[PDB]
Structure formats: structure tokens, C-alpha cells
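Single chain ahead, by itself, as C-alpha cells, in the form deposited in one PDB entry.
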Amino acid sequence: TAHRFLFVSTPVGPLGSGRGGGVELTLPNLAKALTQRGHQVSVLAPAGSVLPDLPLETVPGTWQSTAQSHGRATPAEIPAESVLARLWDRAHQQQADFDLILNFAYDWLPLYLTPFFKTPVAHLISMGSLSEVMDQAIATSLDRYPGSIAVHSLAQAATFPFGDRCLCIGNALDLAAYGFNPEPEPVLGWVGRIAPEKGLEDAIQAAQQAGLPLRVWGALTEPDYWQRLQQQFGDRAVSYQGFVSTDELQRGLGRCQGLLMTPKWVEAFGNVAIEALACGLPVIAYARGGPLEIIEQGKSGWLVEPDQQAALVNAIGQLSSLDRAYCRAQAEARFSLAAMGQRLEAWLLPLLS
């Protein structure tokens, strides 16, 4: 049952550098999810990539732009020195060393190339139906290779006309790196860019009105914003906890009574919610996007109406009705590498040969 996989990373940026999007966090966990079952995983990724403990080969070139120029009719683009093209030309040279190649990129090229490979190629789609050129490439790959496409959510699968023929593998997190904290301080947390248009003001005003300091984790780009926040809400409002590593983020976040999540719909990913549950921290989130699949209403968090102070404050007031051990228990059951590995095997192993 042990096999050899090659993972081909996203062209959007390096692993380990803060700017491959969500694929940057998922690729290493999925690799671990298989290496922990005895499989070999090697990784191909852009120059500058860092990844502990796995064979890693890096490839030079220009990062794929997130662009989206003319909406749904945007064509696929290949610039000179495309890192995406060179990743796939390199994967093709070495294809006979692997039983299967797993693509993490959301792009036309790898889907198109799939029949030109003798080794089977599977695709983990991380968005979002976004363009005709992409929707048609995935549909065609599905017709020739049933079972070759997976998604992380049903919501994302439903944005595609062929969504029922994609497999859902869910989300995973390296739970070993997250300590359960059953005894928090009377503080709330918020995770994200300390910048305008992130819903930070909504979190601050609801924490303060609820009577609890807000700790924040993330990147400060404009110090004048920090000052504006102080002038709006005073200097006991928000406490800067750092940009800060995974291990640092988890002991910090774990001491919170709850995590507030107030992002715009286009930034409403579920990743940080999982990290919160893993520390035993319940989540109060706007009831749209990624959190709707992570949080169990009245049990592991509260899903509230967007942009309404009273809904945040009513939720914060009811954090004590949620059991922190149940949050952790849900993370162990739903989002572990163990759970993920089994879902990967179910998906991939029928594709071998």
C-alpha cells in the first residue's frame, strides 16, 4: 500500500514565505498526512521555497499573477519565464519516478497537460469557480478522468456546474503543533492584517462594549492606522501581539475566551477558525463563507449576521455556554492529519495504474 507521490506546488509564490495563499499552508500538511502512513512525498516548488524534511526541488521563474483582468472571460496567460510552465516541464521529465502527481495549482496548464502524462495526475482545486477557461479545463479533465478532481468544501464545489462529480477532502491541520488551553484569560482575539477594510473596527467596538480587551495577531503596514484606532477607541482597546510564528500564535490565541472573525466576504477563509478550535477556543464569525463549514452553531462558536454590532455583542455574551473541550474534540475528529490522510487515500488510490 505504500506509494510515491510528487506534489507540484502553486506558482503564485514560494512555500514558507507568507505568499502562496492557502496552498502554502495546505501542501505541507497534506504531505505529512501521507508521509505518516508510510508514503513518500517529494515536492516541486518555486525558487525561494522552504519546506522541512521532504525532498524539495525548486524551479526559477516568474510567479503567476492572481490578475483576474476581464472577469470570467480572462484568458490563461503564460509570461516569459513562467514558473508554472517550468514546474510542469520538470514534473514531466521525472514522471516515471512516481506513482501519481498531485497538482495544487488553480490554472489551465496542468489540467490541459494531464493526457500528455503517462503517470496519473490528480488535481486539488482550492477555489472558487472564477473563469470560463478554468471551468472548461476542469470539466474536460473530469470527463476523461472521472474521480481526478477534489475540493476542500462543498460550498466551493457547488459554484461549479460539475460540482457533484468532485470529491470533498475537507481541511486539515497539524494538531500536534496546537496545545489545548482549557483555562483562558478574559480577552478576545482577532487574527489578520492590521489594516483598514478588515473588519477590525467592528471587532474592537464589540469587544470594548462587551468589556473585554482585544488581542490582535498580524501585520502592520501603516502606523497611522494604529493611531487612528487609538483615537477612535482609546489605548486600552486593542493589544498588538505580533506577526508571529505558528507555535507563537497557538499559545497566544489559546489564552483567549473567543476568536472574533470579521472579514469581508472575499477574505472569508476558514483556516484560522480551525486553528482556534484546535486550541480549545470557540469562534464568533460572520455567517458567510468558510466559517459556515467549520463552526457548529451554539456548540463550537456562534455564526452572526455581518456588520451588526449587537449580533457580535450578543454572541460574546454567550461564550460561556460553549465547552472548550468540545471545540478541541471537533478539531481532533474533523481536521486532523489522520482524518485527512484517510480521505486522501480514498480519493487517490483508485487513480493508481
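Under this definition, the rigid core comprises the largest set of C-alpha atoms superposing within 1.5 Å between the forms. Numbers for residues come from their place in the sequence shown, where the first is 1.
Beyond what is shown, the protein has a form solved in complex with a small molecule; the following relates to that form.
Novice: Can you tell me if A67 lies within 4.5 angstroms of the small molecule in the bound PDB entry, counting non-hydrogen atoms only?
Specialist: Close contact exists here: in the bound PDB entry, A67 approaches the small molecule to within 4.5 Å, heavy atoms only.
Novice: Does any part of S126 reach within 4.5 Å of the small molecule in the bound PDB entry? Heavy atoms only, please.
Specialist: Output for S126 is yes: heavy atoms within 4.5 Å of the small molecule.
Novice: At 4.5 Å between heavy atoms, is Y106 in contact with the small molecule in the bound PDB entry?
Specialist: So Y106 counts as contacting the small molecule.
Novice: Answer yes if any heavy atom of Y145 is within 4.5 Å of a heavy atom of the small molecule in the bound PDB entry; otherwise answer no.
Specialist: No.
Novice: Please identify the residue among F180, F98, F269, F160 with any heavy atom within 4.5 Å of the small molecule in the bound PDB entry.
Specialist: Contact check passes for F269.
Novice: Only one of these stretches, 57-65, 314-322, 30-38, 296-304, has heavy atoms within 4.5 Å of the small molecule in the bound PDB entry; which one is it?
Specialist: Single hit among the candidates: 57-65.
Novice: Where among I78, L130, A177, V244 does the Cα move by 2 Å or more between the shown form and the other one after the core is superposed?
Specialist: Single residue meeting the criterion: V244.
Novice: Checking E222 here: with the core superposed, does its CA move 2 Å or more between the shown form and the other one?
Specialist: Yes.
Novice: Verify the C-alpha shift of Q68 between the shown form and the other one: is it 2 Å or more after superposing the core?
Specialist: It does shift by 2 Å or more.
Novice: With a shift of at least 3 angstroms, figure out whether the C-alpha spacing between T66 and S69 grows or shrinks in the bound PDB entry: closer or farther?
Specialist: Nearer in the bound PDB entry, by 3 Å or more.
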